[PDB]
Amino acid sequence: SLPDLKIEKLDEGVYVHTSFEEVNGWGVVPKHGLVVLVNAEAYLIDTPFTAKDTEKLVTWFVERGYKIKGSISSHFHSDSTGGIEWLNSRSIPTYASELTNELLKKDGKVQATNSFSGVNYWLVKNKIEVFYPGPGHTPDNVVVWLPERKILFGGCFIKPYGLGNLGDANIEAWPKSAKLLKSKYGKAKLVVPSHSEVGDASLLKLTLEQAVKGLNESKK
């Protein structure tokens, strides 16, 4: 028995969902993703860890009259894709990049029903932008921009106190990737990390500092 799923308003039309998992040697891990409202529609930014919480998330928005139009996962790890299987079984479109789908497949996992290419896919014209700053936490990590409110979902790429799980990271590339993101999204009002609470554009600079640090460290 783990803590319950949390759903809270962050701004008009934007909610943070928080799920919790007991993984490895890190004890219980909070994971944040978003739900973005589009008139009568709701889009998921990352899924909870699990089918059961993913179903709880949808039921909470469906039962208020919001039909789930779709989901996008920011990278292949299960804290961003654990609910794709369930979603596909309820005929809710799911999205990921071609590379993210390749990594899922390689890993024996269910793929997103919909794929995209490019550094800048627009899931919802002028409302939900996906952008690829380069490798870091993983080769495929992408970020999700929300232009109406200027909120950036940074996923597991944003790490203001230390880089986290390095099993699939590219530490040699992370600083470069961090500087591009720091520039493209310098006018973010709020920045949303996967495993830290919500910050401002400062988190883009702390992450850059941590990546440079970690690389220095790697050299010994």
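For every residue, the number given is its place in the sequence shown, counted from 1. Think of the rigid core as the biggest set of C-alphas that the two forms share within 1.5 Å after superposition.
Superposition on the core shows that, in 8 other deposited structures of this protein, the C-alpha atoms drift more in one of 57-65 and 23-31; this is 23-31. 147-155 and 183-191 differ in mean CA B-factor, and the higher of the two is recorded for 183-191.
Averaged over their C-alpha atoms, the temperature factors of 110-118 and 83-91 are higher for 110-118. When the C-alpha B factors of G27, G65, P160, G33 are read from the deposited coordinates, the top value falls at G65. Out of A178, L37, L57, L44, it is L37 whose C-alpha atom has the highest B-factor in the PDB entry. Among the modelled residues of its chain, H137 has a C-alpha B-factor that falls in the middle third, as given in the PDB entry. Among the modelled residues of its chain, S74 has a C-alpha B-factor that falls in the lowest third, as given in the PDB entry. Looking at the C-alpha B-factors along this chain, the one for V124 belongs to the highest third. The PDB entry assigns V23 a C-alpha temperature factor belonging to the highest third of its chain's modelled residues. The deposited CA B-factor of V198 belongs to the lowest third of values across its chain.
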